[PDB]
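Next up: a single chain in structure tokens, the form deposited in one PDB entry.
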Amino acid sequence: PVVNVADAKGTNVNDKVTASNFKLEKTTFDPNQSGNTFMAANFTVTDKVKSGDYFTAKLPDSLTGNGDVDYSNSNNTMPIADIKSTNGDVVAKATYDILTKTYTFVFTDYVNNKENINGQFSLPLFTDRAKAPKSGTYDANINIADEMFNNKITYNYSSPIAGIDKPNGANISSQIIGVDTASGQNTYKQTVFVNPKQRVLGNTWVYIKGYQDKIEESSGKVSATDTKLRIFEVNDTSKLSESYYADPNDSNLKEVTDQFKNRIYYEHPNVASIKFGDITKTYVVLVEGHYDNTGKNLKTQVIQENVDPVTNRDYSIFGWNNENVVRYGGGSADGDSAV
């Protein structure tokens, strides 16, 4: 069904581009607390190039260019600030391919009959919650125009394992690891860890709220129509990530969603209630919800409540907050050509 694709286009000119003066803002941070970094580099075009010629930058397993901003509803492509000339003309158009973690800078006409083309650029960088699942240090070697710039980044993820300091106190945690702020659909992906302490909890209930204290302060929309939940039993809690990334097809997870057919209730506005009952294992709840158009930050709160299995007393409750900005500067407009 056709032939080669290797982005042939106006041909790759990484062989005519030299990156230098590579800098990283910081090499240690906590992605669970808005922690992220930045990169900057200089680049000079060593030979004559044309409009349509392009050079690239590739990210290693440990990094992503989009972070918690989901672009799956945008062809899995992330728009990037272009490199501009003093006049303001675009010297090159920038785009980030989520799948190949590759940045593509395509030169415009400005490059036609020009020499000594020299400049610089900086880009935001984040953790790859899926490939850097645990806290620790990773190689973060970056490739710019077929040149390597070695780095080492340390991720100190705030631990997902948290709760009341009591032998069998309530304990739950969460993190919104995906927010679509560009497509217009306004979706978000959130991972919830119920009982990551692996304690024995009686008559436990979990609440996933689309707000924290004031419903009007959050854009979150949690309802039977706006929210989709999938529940999994964790076999080995220590194999559970600290970045909250959780693949529904993970072998360490046993999906028990069906068993919860009638254990999920939408009793109160913007609140999904889950009846877990007596449990001893850790559970993962994969949330796929939406937020409104008020532009308010997406604020969520997960609560876990329970009593002692044996005495049905010794009540305990624990809560965890989440908050992601939904802001997406710019605008969108579309019209139809006249008949």
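Take the two forms, find the largest set of C-alpha atoms that superpose within 1.5 Å, and that set is the rigid core. Only residues modelled in both forms are compared. Note that residue numbering begins at 1 and tracks the sequence as displayed.
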| property | result |
| --- | --- |
| Mean C-alpha B-factor comparison - 279-287 and 62-70, higher one | 62-70 |
| Mean temperature factor over C-alpha atoms, higher-scoring stretch between 250-258 and 184-192 | 250-258 |
| Peak C-alpha temperature factor (PDB record), options 156, 237, 219, 104 | 156 |
| Options 125, 176, 200, 81 - largest CA temperature factor per the record | 81 |
| Position of residue 144 among the chain's modelled residues by C-alpha B-factor, lowest, middle or highest third | highest |
| Entry-reported Cα temperature factor of residue 135, expressed as the chain third it lands in | middle |
| Third of chain Cα B-factors occupied by residue 164 | middle |
| Position of residue 226 among the chain's modelled residues by C-alpha B-factor, lowest, middle or highest third | lowest |
| Residue 317 - Cα temperature factor, lowest/middle/highest third of chain | lowest |
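Note that the form deposited with a partner chain bound isn't included here; everything after this is about it.
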item	value
Any non-hydrogen atom of residue 219 within 4.5 angstroms of the partner chain in the deposited bound form	no
Contact label in the deposited bound form: residue 244 to the partner chain, heavy atom within 4.5 Å	yes
Residue 11: touches the partner chain in the deposited bound form, heavy atom cutoff 4.5 angstroms	no
Partner proximity in the deposited bound form: residue 175 to the partner chain, non-hydrogen atom cutoff 4.5 Å	yes
Segment that reaches the partner chain in the deposited bound form - one of 147-155, 167-175, 228-236, 134-142, heavy atoms within 4.5 Å	167-175
Contact residue in the deposited bound form, from 273, 46, 51, 34 (heavy atom within 4.5 Å of the partner chain)	34
From 87, 249, 259, 116, residue displaced between the shown form and the other one - CA threshold 2 Å or more, rigid core	87
Segments of at least three residues whose Cα atoms shift by 2 Å or more between the shown form and the other one, after superposing on the rigid core	84-90, 324-329
